[PDB]
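Just the one chain here, the form deposited in one PDB entry, laid out as structure tokens.
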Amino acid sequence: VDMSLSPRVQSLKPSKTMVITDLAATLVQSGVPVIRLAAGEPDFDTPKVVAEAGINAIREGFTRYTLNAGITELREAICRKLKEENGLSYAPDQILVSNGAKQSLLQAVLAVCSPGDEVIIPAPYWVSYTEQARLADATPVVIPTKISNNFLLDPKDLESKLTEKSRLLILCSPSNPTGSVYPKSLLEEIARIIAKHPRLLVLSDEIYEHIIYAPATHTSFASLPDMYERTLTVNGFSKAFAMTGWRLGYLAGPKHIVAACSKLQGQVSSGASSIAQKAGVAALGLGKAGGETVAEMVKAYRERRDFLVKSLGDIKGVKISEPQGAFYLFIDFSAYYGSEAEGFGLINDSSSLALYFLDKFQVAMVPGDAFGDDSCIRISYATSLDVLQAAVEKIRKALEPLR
């Protein structure tokens, strides 16, 4: 039997996180507990009012197929949110609800990118952006950023990398993995560059929108001059509302593009969960920015961020870019590369450093090479201050003998 696979599924890169995940299990399966800082999800429960709506949907028998694009009441609520929070005007037929925002993103990429098109992706990047480009038979063009610039795209670098083939720029703000927030003035410079190239669209991943630390503010890319008709706005419920397991995300965009994504979704999964969609309606019903329910999570995230930064920031050889959003610190420990650790061996890149932290000191983190930047390691602070204080002590002890 011929077991050959399609070239596209073969083009998918190997996991750079697998080894951490596997070693953590291995360590636990022995006698060794592990501090987990690798997860890309909130540690909080889904808000009570949201869970209530989900339970209610089940009891009321709202358990049948929905419209492919999503239930009307949810798409209407999304339009109100985009208007109230982001100043954007969309009609319900410009919204597509999917099983999480990852699906919204994939479908956008597959709908707009033709083979050979180039997809511009600033690094450090969310792992899936490059792979989704590949599934479109498109070419990722990665643009590295610098920690001293808070990992923000340099517009001059963008201009340098544009070609006739450039089709899509993917912008994540607030960012996974850096927690950086793009300021409006920089977005306006980027937008002026995009406006000069008719073929160039922008995929704006805004999933962390409400996980933001005042006075930092979120600017939707679609609100910039002349950018509405070339922007695919992606957002959802996983991060702001601790609804990762529910699987609910969405895309708002130009009708011609949204129709194409909707057609694709009709072959991929049909409508998102009827139950999850009712919960999403309730989440949006919490009012602007999720109201006090979300504000409490954000206050906790801020305490955690502030503690982590002050704690790790005073370790020799550590560089930090202060995040203004999300719940990740993308930390430069590269000064330690070249070190030899007893009972482990050479630490000379993000992967070996992360594996050293876990194998020898029981703290699981994600190496920066997973995000296209080997100079750093991603730490998630979606865990309690108690876990964070414990992790900080382990990290200190781990770096101590490396000098």
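Only residues modelled in both forms are compared. Think of the rigid core as the biggest set of C-alphas that the two forms share within 1.5 Å after superposition. In case it trips you up, residue 1 is the first one in the sequence shown, and so on.
In this entry, the higher average B-factor at the C-alpha atoms falls on 161-169, of the pair 259-267 and 161-169. When the C-alpha B-factors of 115-123 and 305-313 are averaged, 305-313 comes out higher.
Within the listed group 109, 193, 232, 143, the record reports its top CA B-factor for 193.
Take 239, 278, 102, 184 and read off each C-alpha B-factor from the entry; 184 has the highest.
In this PDB entry, the Cα temperature factor of residue 293 sits in the top third of its chain's modelled residues, the highest group. Sorting the modelled residues of the chain by their CA temperature factor places residue 362 in the middle third. When the modelled residues of the chain are ordered by C-alpha B-factor, residue 345 sits in the middle third. In the deposited entry, the Cα temperature factor of residue 334 places it in the lowest third of its chain's modelled residues. For residue 89, the recorded CA B-factor ranks within the highest third of the chain. Only modelled residues enter the ranking.
Separately, the form deposited in another entry exists; it is not shown, and the next lines address it.
Rigid-core fit between this form and the one not shown: of 56, 68, 348, 26, the one residue whose Cα shifts 2 angstroms or more is 26. Relative to this conformation, a decrease of 3 Å or more in the Cα-Cα distance between residue 381 and residue 29 is found in the other form. In the other form, the CA atoms of residue 366 and residue 29 come closer by at least 3 angstroms compared with the shown structure. Once both forms are overlaid on their core, the residue ranges between this form and the one not shown with Cα shifts reaching 2 Å in three or more consecutive positions are 21-23, 25-30.
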